[PDB]
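Trainee: Have a look at the structure that comes next, please.
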Amino acid sequence: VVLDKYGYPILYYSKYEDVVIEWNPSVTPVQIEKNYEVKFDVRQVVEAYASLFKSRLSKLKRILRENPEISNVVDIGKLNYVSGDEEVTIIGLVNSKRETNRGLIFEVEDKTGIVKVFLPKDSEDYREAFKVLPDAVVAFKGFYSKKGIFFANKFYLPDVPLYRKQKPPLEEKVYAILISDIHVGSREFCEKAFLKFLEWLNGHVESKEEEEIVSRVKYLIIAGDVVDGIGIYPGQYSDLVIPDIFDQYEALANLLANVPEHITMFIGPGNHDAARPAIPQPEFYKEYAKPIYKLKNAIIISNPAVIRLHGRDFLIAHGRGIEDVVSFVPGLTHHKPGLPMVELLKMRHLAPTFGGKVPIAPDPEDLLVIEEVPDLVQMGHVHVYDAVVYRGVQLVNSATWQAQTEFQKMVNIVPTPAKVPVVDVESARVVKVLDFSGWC
Ligand SMILES: Nc1ncnc2c1ncn2[C@H]1C[C@H](O)[C@@H](COP(=O)(O)O)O1
Ligand SMILES: [Ca+2]
Ligand SMILES: [Ca+2]
Ligand SMILES: [Fe+3]
Ligand SMILES: [Zn+2]
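Here the sequence shown stands for residues 152 to 163, 174 to 206, 225 to 619, where the numbers follow the authors' numbering.
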């Protein structure tokens, strides 16, 4: 039985009040000038979705037009004022996508019209056109039939540039720790493993290599589902140790209070959190999430957000779009979220698909478009660790601190709890993975 305070689900044990972890005096932290900036946050800004699709198309059409190979772009509404002798390019939203034994049928829409696009079974760009999600913005080079079909010979994705200038080296080596899906309130939360991680952060390490990493750790990024929430799915009460949203954030803040002062924490919301029930999520609902807003070394970031650390862009998102990829693309699955993450980077959109349990807000501007090329992309949500480099960009899933729940077992989700990516800010790369799973 769920309860509501002003409409929001609030309720239906210890809150880590006693938890005190002090810094190891034996370890001295390397004095590095903290260079950080929130480069992008959601808060820095008839048909309900008309303005959203206009924004999405405009933004991604700009990214496509930056490809030197894309030329002779013509409006879809002008396609039969064009003779069948002229090779043209069209840019538009993938409204529908259907496979025949003879190829792929797309319904592509721009601001001037809609057109049926045919791509033959094995045009060298087929593998990519077969993977593209609907409501993504793409380009097609080909000829118009005058029967009503665009006979494409080339398919283009917004992509990431193959060539980008290398960044100048930093004065000192600095590390960033990536975590997500803590799920405080859940009986499956790896409480001991997380306490051992807080000890590790406070210089309580047993090797010289770990000691030189901990001394240089200045940033901690938390990519959503920081609490397990209330009324997220039917039967959730059977899994909750802390069945109160206020007490969940209070328990979380008591743990996160034990994070060293020399570490700057960047905390973003997820789908279990007390935040907007659609994406993008500006921040957390301050009425419920207040204890984390009061942490001295914490910065509440939006979902999504772009954090510039020492000149390196870290795009932080919860990971709702990974689900869109695994449902729509056969062959791509969890146990490896790295490849689905690459597809989102290539589409330059975090969650293009509409209709899923993925609620996309009918906002005036599309803030889910990856407008600028990041150095690192961090996502959570799927509860499985992975890391893959695509054209100099590091794609990484920060896993979870939650062991397999009753519900996860039923929907066949197998997590990899307590696997922590260690990022070298200079190269914006995962250099090590801390494994605290022995404590699960
Ligand atoms: N209803 C449902 N069916 C199937 N798969 C699901 C469902 N809800 C979540 N998930 C998956 C998505 C992630 O891989 C994992 C953790 O999501 P999180 O929501 O953070 O617990 O569970
Ligand atoms: Ca030793
Ligand atoms: Ca059973
Ligand atoms: Fe989660
Ligand atoms: Zn989630």
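Positions of the beta carbon are idealized from the N, C-alpha and C atoms, including for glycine.
Mind listing, in chain order, the continuous beta strand (DSSP E) runs of no fewer than 3 residues lying wholly within the stretch 586 to 612?
Mentor: Whole beta strand (DSSP E) segments, 3+ residues: 598 to 603.
Trainee: Of all the options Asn-246, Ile-270 and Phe-297, which has the alpha carbon lying nearest to the alpha carbon of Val-253?
Mentor: For the purposes of this step, residue 253 is identified with residue 74 of the sequence shown, where counting begins at 1. The candidate whose alpha carbon is nearest that of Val-253 is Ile-270.
Trainee: Is the distance from the Cβ of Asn-246 to the Cβ of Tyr-335 below 8 Å?
Mentor: Numbered from its first residue, the sequence shown carries residue 246 at position 67. Numbered from its first residue, the sequence shown carries residue 335 at position 156. Going by C-beta atoms, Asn-246 is nearer than 8 Å to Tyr-335.
Trainee: Taking the alpha-carbon positions, what's the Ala-436 to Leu-474 distance?
Mentor: In the sequence shown, the residue the question calls residue 436 occupies position 257. In the sequence shown, the residue the question calls residue 474 occupies position 295. Spanning the two alpha carbons is a distance of roughly 6 Å.
Trainee: Tell whether a beta-carbon distance below 8 Å holds between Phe-615 and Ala-597.
Mentor: As a working mapping, residue 615 is identified with position 436 in the sequence shown. As a working mapping, residue 597 is identified with position 418 in the sequence shown. Cβ atoms of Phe-615 and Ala-597: closer than 8 Å.
Trainee: If we ignore side chains and look at the alpha-carbon of each, how far apart do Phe-507 and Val-287 end up?
Mentor: Here residue 507 refers to the residue found at position 328 of the sequence shown. Here residue 287 refers to the residue found at position 108 of the sequence shown. So the two alpha carbons sit approximately 18 Å from each other.
Trainee: Which of helix, strand or coil does DSSP assign to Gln-192?
Mentor: To locate residue 192, count along the sequence shown from 1; it is residue 31. In the structure shown, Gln-192 sits in coil (DSSP, three-state: anything other than H, G, I, E or B).
Trainee: Just verifying my parser: in three-state terms, what is the DSSP assignment at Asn-274?
Mentor: Residue numbering aside, residue 274 sits at position 95 when the sequence shown is read from its first letter. Correct three-state label for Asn-274: strand.
Trainee: Quick one: Cα of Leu-298 to Cα of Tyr-323, how far?
Mentor: Along the sequence shown, one-based indexing puts residue 298 at 119. Along the sequence shown, one-based indexing puts residue 323 at 144. Taking the straight line joining both Cα atoms gives about 12 Å.
Trainee: Any heavy atom of ligand 7 closer than 7 Å to the Cβ of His-451?
Mentor: Ligand 7 is not part of the structure shown, which contains ligand 1, ligand 2, ligand 3, ligand 4 and ligand 5 as its ligands.
Trainee: For a quick check, are the C-beta atoms of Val-567 and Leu-518 less than 8 Å apart?
Mentor: Here the question's residue 567 lines up with position 388 in the sequence shown. Here the question's residue 518 lines up with position 339 in the sequence shown. For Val-567 and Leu-518, yes; Cβs fall inside 8 Å.
Trainee: Could you check the C-alpha separation between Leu-547 and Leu-494 for me, to the nearest Å?
Mentor: Residue mapping note: residue 547 aligns to position 368 of the sequence shown, counting from 1. Residue mapping note: residue 494 aligns to position 315 of the sequence shown, counting from 1. Spanning the two alpha carbons is a distance of roughly 11 Å.
Trainee: Just to confirm my understanding: we take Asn-259, look at its own chain, exclude 5 residues before and 5 after, and list those with CB closer than 8 Å. What are they?
Mentor: In the sequence shown, residue 259 corresponds to position 80, counting from 1. So the qualifying residues of the chain are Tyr-323 and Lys-325.
Trainee: Relative to ligand 2, is the shortest distance from any of its heavy atoms to the C-beta of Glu-378 smaller than 7 Å?
Mentor: Along the sequence shown, read from residue 1 onward, the residue named residue 378 stands at position 199. Not under cutoff, so the answer is no.
Trainee: Could you check which residue in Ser-250, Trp-580 and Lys-156 has the C-alpha nearest to that of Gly-364?
Mentor: Numbered from its first residue, the sequence shown carries residue 364 at position 185. The shortest Cα separation from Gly-364 among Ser-250, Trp-580 and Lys-156 belongs to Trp-580.
Trainee: On the three-state DSSP scale, how would you describe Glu-429?
Mentor: For the purposes of this step, residue 429 is taken as the residue at position 250 of the sequence shown. Three-state result, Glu-429: helix.
Trainee: Using beta-carbon positions only, say whether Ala-227 and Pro-541 come within less than 8 Å of one another.
Mentor: Here residue 227 is taken as the residue at index 48 of the sequence shown, counted from 1. Here residue 541 is taken as the residue at index 362 of the sequence shown, counted from 1. Against a cut-off of 8 Å, the Cβ pair of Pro-541 and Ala-227 comes out as a contact.
Trainee: Using C-beta distances below 6 Å, list every residue in its chain close to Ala-496, excluding the 5 sequence neighbours before and after it, in chain order.
Mentor: By one-based count along the sequence shown, residue 496 stands at place 317. Answer for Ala-496: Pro-483, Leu-529 and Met-558, listed in chain order.
Trainee: At 3 residues or longer, and completely inside the stretch 320 to 384: list those beta strand (DSSP E) runs for me, N to C.
Mentor: Whole beta strand (DSSP E) segments, 3+ residues: 328 to 335 and 354 to 358.
Trainee: By Cβ distance, which residues of its chain are closer than 7 Å to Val-191, with the 5 residues on each side in sequence left out?
Mentor: Numbered from 1 along the sequence shown, position 30 holds the residue referred to as residue 191. Hits under 7 Å: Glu-351, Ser-394 and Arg-395.
Trainee: Does DSSP put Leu-243 in a helix, in a strand, or in coil?
Mentor: Stepping through the sequence shown from its first residue, residue 243 is reached at position 64. DSSP places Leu-243 in helix when its eight states are reduced to three.
Trainee: First and last residue of the alpha helix (DSSP H) that includes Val-311?
Mentor: Stepping through the sequence shown from its first residue, residue 311 is reached at position 132. Premise fails: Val-311 is in no alpha helix (DSSP H) and is neither H nor E.
Trainee: Mapping DSSP to helix, strand and coil, what is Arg-487?
Mentor: Stepping through the sequence shown from its first residue, residue 487 is reached at position 308. In the structure shown, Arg-487 sits in a strand (DSSP, three-state: E or B).
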